[PDB]
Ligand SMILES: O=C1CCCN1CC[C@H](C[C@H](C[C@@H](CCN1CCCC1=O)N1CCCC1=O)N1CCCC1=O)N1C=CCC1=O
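The chain below stands alone, shown as structure tokens; this is the form solved without the named molecule.
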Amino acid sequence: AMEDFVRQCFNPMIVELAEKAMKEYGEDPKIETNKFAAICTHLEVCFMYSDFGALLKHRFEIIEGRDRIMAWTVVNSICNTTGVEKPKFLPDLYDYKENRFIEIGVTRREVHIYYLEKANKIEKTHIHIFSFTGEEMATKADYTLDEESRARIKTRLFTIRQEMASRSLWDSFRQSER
């Protein structure tokens, strides 16, 4: 059962944020278990990406995984102090070094298409897509992180993928992203 996997594979904080998020949108984590696990994955990658952070003490501000009220407080704080334009939707991070917001995507399809669907849904937000195929794609080929950091994100995705596969959950998870 994909539900049981999610609760074994991901830390309880991540799992809880995934539930809250699904319920906010009216979805039952016990029925839409593939989506449940997708959300956990997007969450964990955002935090991983966050935790990689010479000059600045914390290079990234984390925005995903917060209640919307705090998310916008943090986003408006950053905007009102750095002067950067205010997004129309909440992104996932802010980069203090490059002074821009980042929208992380995670797909189990080919990056190039998911990238495009993301970009259309936003415009000054830097997009960075990962996939379970091991690929990635970022606006203007600027991957923000070093290669050490990205490889760790990619390992984690592949680690999730093998643990799914071993329990035959993978192929469903792969097909459900429609």
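A residue's number is simply how far along the shown sequence it sits, counting from 1.
Another form exists, solved in complex with the named molecule; not displayed. Remarks below refer to it.
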(message) Can you work out which of 153, 62, 111, 138 has a heavy atom no more than 4.5 Å from the named molecule in the bound PDB entry?
(response) 62
(request) Check whether residue 14 has any heavy atom within 4.5 Å of a heavy atom of the named molecule in the bound PDB entry, and answer yes or no. (result) yes
(message) Is residue 66 part of the interface with the named molecule in the bound PDB entry - any heavy atom within 4.5 Å?
(response) yes
(message) Whether residue 142 contacts the named molecule in the bound PDB entry should be assessed with a 4.5 Å heavy atom distance threshold; does it?
(response) no
(request) Select from 129-167 the residues with a non-hydrogen atom within 4.5 Å of the named molecule in the bound PDB entry and write them out in sequence order. (result) none
